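Single-structure report; data block below.
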Amino acid sequence: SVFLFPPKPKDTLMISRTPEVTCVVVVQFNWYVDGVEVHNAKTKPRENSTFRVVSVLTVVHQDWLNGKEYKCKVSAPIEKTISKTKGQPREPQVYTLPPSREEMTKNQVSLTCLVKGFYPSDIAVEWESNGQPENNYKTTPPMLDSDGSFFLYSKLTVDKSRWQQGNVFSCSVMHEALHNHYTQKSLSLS
Amino acid sequence: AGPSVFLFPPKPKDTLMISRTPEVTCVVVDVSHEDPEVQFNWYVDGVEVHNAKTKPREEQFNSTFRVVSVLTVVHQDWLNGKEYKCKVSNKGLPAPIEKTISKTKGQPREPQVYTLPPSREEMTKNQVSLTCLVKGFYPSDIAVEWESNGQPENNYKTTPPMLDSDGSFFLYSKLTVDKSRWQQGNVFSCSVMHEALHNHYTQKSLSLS
Ligand SMILES: *[C@@H]1O[C@H](CO[C@@H]2O[C@@H](C)[C@@H](O)[C@@H](O)[C@@H]2O)[C@@H](O[C@@H]2O[C@H](CO)[C@@H](O[C@@H]3O[C@H](CO[C@H]4O[C@H](CO)[C@@H](O)[C@H](O)[C@@H]4O[C@@H]4O[C@H](CO)[C@@H](O)[C@H](O)[C@H]4NC(C)=O)[C@@H](O)[C@H](O[C@H]4O[C@H](CO)[C@@H](O)[C@H](O)[C@@H]4O[C@@H]4O[C@H](CO)[C@@H](O)[C@H](O)[C@H]4NC(C)=O)[C@@H]3O)[C@H](O)[C@H]2NC(C)=O)[C@H](O)[C@H]1NC(C)=O
């Protein structure tokens, strides 16, 4: 039983990150990029009541994003192929939404980042404030909208005082269809 | 293997509204032509009941029978965590198949329902987003609806419940409307039904101020 995993969307969209294709078994590994075999992989030695072998292949950001195919050959040998999710790009629209008046009775409040109209669904979202990450968020998986694009929401939970004091919070979105693969929107008390 | 059994719970909305009709559904697929007879026995907290409604077997395209038994449940019984058991008997089985279902367990928490107007920035578009945030709820079983002037809205999508940091769930429901409808002061209403709400129902409305 072989399972081939794609890079995380954020890794492909940030040059500083290292996108990887993972070939998981639950052994000779042969890796192919558009048919052409490559010797780049890092196979770790075979580590409950069963065995597991893992090979990891580092990919070039642009190659992954331009749709090159990545073939893991677990050596009848099981051969598998992966590449970027297909579809014509649609640029995300990003909107920040303050907490409801009625949430102000609570100790913590909800800062909302709506991301809609994007295609395909490979996307990353982060928050920051004052030059540091704000990690107390949950982001919904992308969901198919009625027009065939995706949407999601990210919810940053923040101490109510931090919001009342006027701190500016920022929702950062990364997607292949954005200019520079990045955009940001900010939100503060108004 | 031979025949297999699937047990479906009632819809959350059906359990929460006393006028509606919550049902547990027991489905048997892959019943052979050779041994086509099926018996359902139904149990509520391990006590056999005899009021289920069983339909005659139906021939499928793949030359197998499908047989369905439906048990109507008492709303409060389901909400009070009673266990519903379907036992399926068939001569093609090494032993009868038993399956049990009940409401997700765990301390209930009341959903908080907030409506959020469109971003000012979205106002440059032809269509606008109305957001209903529902958070702090347990269990995840929930129904959410958008309406205007007592009439259902045709363009909305609700995210599946997502686990929050404290073990409760949240979701968002996005309503898309023509910008003019928002501009002309129309009232839009997000209704939520959940076991931990008073009367299992709450509605929150918003309009351009
Ligand atoms: C012969 O044909 C019949 C009929 O085939 C049907 O028509 C033909 C023309 C084709 O198009 C088929 O694709 C089509 O299905 C076949 O019968 C099917 O058999 C399979 C099993 O092999 C059943 O699969 C199960 O499906 C349920 C969900 O079922 C709903 O959704 C279906 C499609 O979306 C729909 O067709 C069904 O009617 C049903 O709809 C629901 O019905 C209820 C009752 O009326 C209703 O109230 C609901 O509102 C309604 N739902 C919707 C969305 O409208 C799925 O949940 C099952 O998944 C479990 O089992 C899998 C293994 O079988 C497993 O991989 C999953 O992970 C999951 O496992 C369970 O997981 C939970 C934890 O979450 C755990 O608690 C359990 O222990 C665990 N394991 C279990 C339960 O074993 C499953 O996929 C089809 O329902 C069934 N179709 C019908 C109509 O009954 C038959 O297989 C064919 N035979 C051959 C040899 O080919």
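Just remember, in the structure tokens the first chain shown is A, the second B, etc., residues are 1-based per chain, and ligands are 1-based in the order shown.
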
Margin query: Counting only C-alpha atoms and all ligand atoms, what are the residues, protein, DNA or RNA alike, that approach ligand 1 to within 12 Å? I want them as an MDAnalysis selection string.
Written below: chainID B and resid 1:12 14 21:32 55 57:71 97:102 104

Next item on the list: Excluding residue 68 in chain A and any residue of its chain fewer than 6 positions from it, enumerate the residues within 10 Å of it, using only C-alpha atoms, and give them as an NGL selection string.
Entry: :A and (33-35 or 59-60 or 62 or 82-84)

Can you write just those residues out, N, CA and C atoms, as an mmCIF file, in the first residue's frame?
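again.cif written:
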```cif
data_model
loop_
_atom_site.group_PDB
_atom_site.id
_atom_site.type_symbol
_atom_site.label_atom_id
_atom_site.label_comp_id
_atom_site.auth_asym_id
_atom_site.auth_seq_id
_atom_site.Cartn_x
_atom_site.Cartn_y
_atom_site.Cartn_z
ATOM 1 N N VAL A 33 10.740 13.114 -12.690
ATOM 2 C CA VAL A 33 10.162 14.442 -12.898
ATOM 3 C C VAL A 33 9.902 14.619 -14.396
ATOM 4 N N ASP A 34 8.633 14.476 -14.793
ATOM 5 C CA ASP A 34 8.216 14.480 -16.207
ATOM 6 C C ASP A 34 8.904 13.365 -17.008
ATOM 7 N N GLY A 35 8.887 12.150 -16.461
ATOM 8 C CA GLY A 35 9.525 11.000 -17.110
ATOM 9 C C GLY A 35 11.010 10.864 -16.815
ATOM 10 N N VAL A 59 11.241 19.591 -4.247
ATOM 11 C CA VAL A 59 10.843 20.081 -5.576
ATOM 12 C C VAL A 59 11.204 21.546 -5.767
ATOM 13 N N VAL A 60 11.466 21.928 -7.017
ATOM 14 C CA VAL A 60 11.679 23.336 -7.365
ATOM 15 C C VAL A 60 10.302 24.016 -7.367
ATOM 16 N N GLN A 62 8.902 26.628 -8.828
ATOM 17 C CA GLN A 62 8.352 26.967 -10.141
ATOM 18 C C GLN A 62 7.951 25.742 -10.954
ATOM 19 N N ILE A 82 2.101 12.291 -9.084
ATOM 20 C CA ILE A 82 1.398 13.449 -8.529
ATOM 21 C C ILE A 82 1.869 14.736 -9.215
ATOM 22 N N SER A 83 1.016 15.758 -9.203
ATOM 23 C CA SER A 83 1.369 17.107 -9.657
ATOM 24 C C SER A 83 0.360 18.089 -9.078
ATOM 25 N N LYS A 84 0.591 19.384 -9.300
ATOM 26 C CA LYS A 84 -0.304 20.433 -8.798
ATOM 27 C C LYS A 84 -1.770 20.199 -9.196
#
```

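All residues of protein, DNA or RNA that reach within 9 Å of residue 167 in chain A, judged by only C-alpha atoms and not counting those fewer than 2 positions away in the chain, are residues 129, 130, 162, 163, 164, 165, 169, 187, 188 and 189 of chain A.
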
Margin query: Could you tell me which residues of chain A sit within 12 Å of chain B when counting only C-alpha atoms, and give me the result as a PyMOL selection string?
Written below: chain A and resi 93-106+108-117+135-147+150-157+185-187

Given the selection you just returned, output its residues as a file containing N, CA and C atoms, formatted as a tab-separated table (two decimals), in the first residue's frame.
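Output (result_23.tsv):
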```tsv
chain	number	residue	atom	x	y	z
A	93	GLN	N	-10.28	37.06	-3.34
A	93	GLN	CA	-10.70	38.36	-2.83
A	93	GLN	C	-10.62	38.25	-1.31
A	94	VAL	N	-9.97	39.20	-0.66
A	94	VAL	CA	-9.73	39.10	0.80
A	94	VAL	C	-10.42	40.24	1.55
A	95	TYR	N	-11.27	39.91	2.51
A	95	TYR	CA	-11.96	40.91	3.30
A	95	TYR	C	-11.80	40.63	4.79
A	96	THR	N	-11.50	41.67	5.57
A	96	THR	CA	-11.45	41.50	7.03
A	96	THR	C	-12.73	42.06	7.64
A	97	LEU	N	-13.22	41.37	8.66
A	97	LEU	CA	-14.48	41.70	9.31
A	97	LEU	C	-14.26	41.78	10.80
A	98	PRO	N	-14.59	42.94	11.40
A	98	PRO	CA	-14.43	43.10	12.84
A	98	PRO	C	-15.39	42.18	13.63
A	99	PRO	N	-15.19	42.05	14.95
A	99	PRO	CA	-16.14	41.28	15.75
A	99	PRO	C	-17.50	41.97	15.81
A	100	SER	N	-18.55	41.19	15.98
A	100	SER	CA	-19.86	41.74	16.27
A	100	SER	C	-19.87	42.53	17.58
A	101	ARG	N	-20.65	43.61	17.61
A	101	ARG	CA	-20.97	44.34	18.85
A	101	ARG	C	-21.31	43.39	20.00
A	102	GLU	N	-22.09	42.36	19.68
A	102	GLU	CA	-22.63	41.44	20.67
A	102	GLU	C	-21.58	40.50	21.23
A	103	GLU	N	-20.46	40.35	20.52
A	103	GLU	CA	-19.37	39.53	21.04
A	103	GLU	C	-18.57	40.28	22.12
A	104	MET	N	-18.69	41.60	22.15
A	104	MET	CA	-17.95	42.43	23.12
A	104	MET	C	-18.29	42.16	24.60
A	105	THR	N	-19.28	41.33	24.86
A	105	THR	CA	-19.59	40.90	26.23
A	105	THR	C	-18.62	39.81	26.69
A	106	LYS	N	-17.92	39.19	25.73
A	106	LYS	CA	-17.02	38.08	26.03
A	106	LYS	C	-15.60	38.57	26.34
A	108	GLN	N	-12.85	37.21	25.07
A	108	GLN	CA	-12.11	37.10	23.82
A	108	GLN	C	-13.06	37.38	22.66
A	109	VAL	N	-12.54	37.96	21.58
A	109	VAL	CA	-13.36	38.32	20.41
A	109	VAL	C	-12.79	37.70	19.14
A	110	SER	N	-13.59	37.71	18.08
A	110	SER	CA	-13.30	36.97	16.86
A	110	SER	C	-13.01	37.92	15.72
A	111	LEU	N	-11.79	37.87	15.21
A	111	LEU	CA	-11.42	38.66	14.04
A	111	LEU	C	-11.51	37.72	12.82
A	112	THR	N	-12.25	38.16	11.82
A	112	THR	CA	-12.60	37.30	10.70
A	112	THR	C	-11.95	37.77	9.40
A	113	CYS	N	-11.35	36.82	8.70
A	113	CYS	CA	-10.81	37.04	7.36
A	113	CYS	C	-11.54	36.14	6.38
A	114	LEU	N	-12.37	36.76	5.53
A	114	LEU	CA	-13.07	36.06	4.46
A	114	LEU	C	-12.21	36.04	3.19
A	115	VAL	N	-11.95	34.84	2.67
A	115	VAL	CA	-11.22	34.68	1.42
A	115	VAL	C	-12.16	33.96	0.45
A	116	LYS	N	-12.53	34.62	-0.65
A	116	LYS	CA	-13.49	34.02	-1.59
A	116	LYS	C	-13.04	34.16	-3.03
A	117	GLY	N	-13.65	33.36	-3.90
A	117	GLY	CA	-13.45	33.49	-5.34
A	117	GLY	C	-12.13	32.93	-5.84
A	135	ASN	N	-0.89	33.51	16.34
A	135	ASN	CA	-1.15	32.12	15.97
A	135	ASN	C	-2.44	31.51	16.52
A	136	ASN	N	-3.17	32.27	17.32
A	136	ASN	CA	-4.42	31.77	17.88
A	136	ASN	C	-5.61	31.85	16.91
A	137	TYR	N	-5.43	31.28	15.71
A	137	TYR	CA	-6.48	31.22	14.70
A	137	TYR	C	-6.82	29.80	14.30
A	138	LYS	N	-8.02	29.67	13.77
A	138	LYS	CA	-8.45	28.48	13.05
A	138	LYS	C	-8.94	28.93	11.68
A	139	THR	N	-8.55	28.19	10.65
A	139	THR	CA	-8.98	28.48	9.29
A	139	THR	C	-9.77	27.29	8.77
A	140	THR	N	-10.97	27.54	8.25
A	140	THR	CA	-11.77	26.47	7.67
A	140	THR	C	-11.08	25.92	6.42
A	141	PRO	N	-11.24	24.61	6.16
A	141	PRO	CA	-10.85	24.11	4.85
A	141	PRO	C	-11.57	24.88	3.74
A	142	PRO	N	-10.95	25.00	2.54
A	142	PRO	CA	-11.69	25.66	1.46
A	142	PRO	C	-13.02	24.93	1.19
A	143	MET	N	-14.06	25.67	0.85
A	143	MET	CA	-15.34	25.08	0.48
A	143	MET	C	-15.77	25.59	-0.88
A	144	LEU	N	-16.33	24.70	-1.69
A	144	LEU	CA	-16.81	25.04	-3.02
A	144	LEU	C	-18.01	25.98	-2.96
A	145	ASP	N	-17.92	27.11	-3.66
A	145	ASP	CA	-18.99	28.10	-3.67
A	145	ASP	C	-19.91	27.80	-4.85
A	146	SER	N	-21.00	28.56	-4.99
A	146	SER	CA	-22.01	28.29	-6.02
A	146	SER	C	-21.55	28.60	-7.46
A	147	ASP	N	-20.51	29.43	-7.58
A	147	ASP	CA	-19.96	29.80	-8.88
A	147	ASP	C	-18.76	28.94	-9.30
A	150	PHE	N	-13.67	28.58	-4.83
A	150	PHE	CA	-13.67	28.25	-3.40
A	150	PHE	C	-13.76	29.49	-2.52
A	151	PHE	N	-14.22	29.27	-1.29
A	151	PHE	CA	-14.10	30.27	-0.24
A	151	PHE	C	-13.65	29.59	1.06
A	152	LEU	N	-13.13	30.39	1.98
A	152	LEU	CA	-12.91	29.95	3.35
A	152	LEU	C	-13.01	31.16	4.26
A	153	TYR	N	-13.04	30.90	5.57
A	153	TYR	CA	-12.89	31.92	6.57
A	153	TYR	C	-11.76	31.54	7.52
A	154	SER	N	-11.00	32.54	7.96
A	154	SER	CA	-10.05	32.35	9.05
A	154	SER	C	-10.51	33.20	10.24
A	155	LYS	N	-10.50	32.59	11.43
A	155	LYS	CA	-10.96	33.24	12.65
A	155	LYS	C	-9.81	33.36	13.63
A	156	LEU	N	-9.36	34.59	13.87
A	156	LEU	CA	-8.34	34.87	14.89
A	156	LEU	C	-9.02	35.27	16.19
A	157	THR	N	-8.73	34.52	17.26
A	157	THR	CA	-9.29	34.82	18.58
A	157	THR	C	-8.31	35.65	19.40
A	185	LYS	N	-4.55	41.98	4.28
A	185	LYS	CA	-5.54	42.97	4.68
A	185	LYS	C	-5.45	43.16	6.19
A	186	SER	N	-5.66	44.39	6.64
A	186	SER	CA	-5.57	44.68	8.06
A	186	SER	C	-6.92	45.07	8.65
A	187	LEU	N	-6.99	45.03	9.97
A	187	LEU	CA	-8.24	45.24	10.68
A	187	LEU	C	-7.90	45.82	12.04
```

Item checked: Distance query residue 51 in chain A at most 7 Å, only C-alpha atoms, self and fewer than 2 positions along chain excluded, as an MDAnalysis selection string -> chainID A and resid 26 46:47

Next item on the list: Check the DSSP output for the backbone and give back, as a PyMOL selection string, the residues of range 78-133 of chain A in strand (DSSP E or B).
Entry: chain A and resi 78-82+90+93-97+108-119+124-129+132-133

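With only C-alpha atoms as the atoms that count, the residue of B:123, B:208, B:111, B:175 with the shortest distance to residue 193 in chain B is B:111.
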
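CA of residue 20 in chain A is positioned 26.0 Å from CA of residue 76 in chain A.
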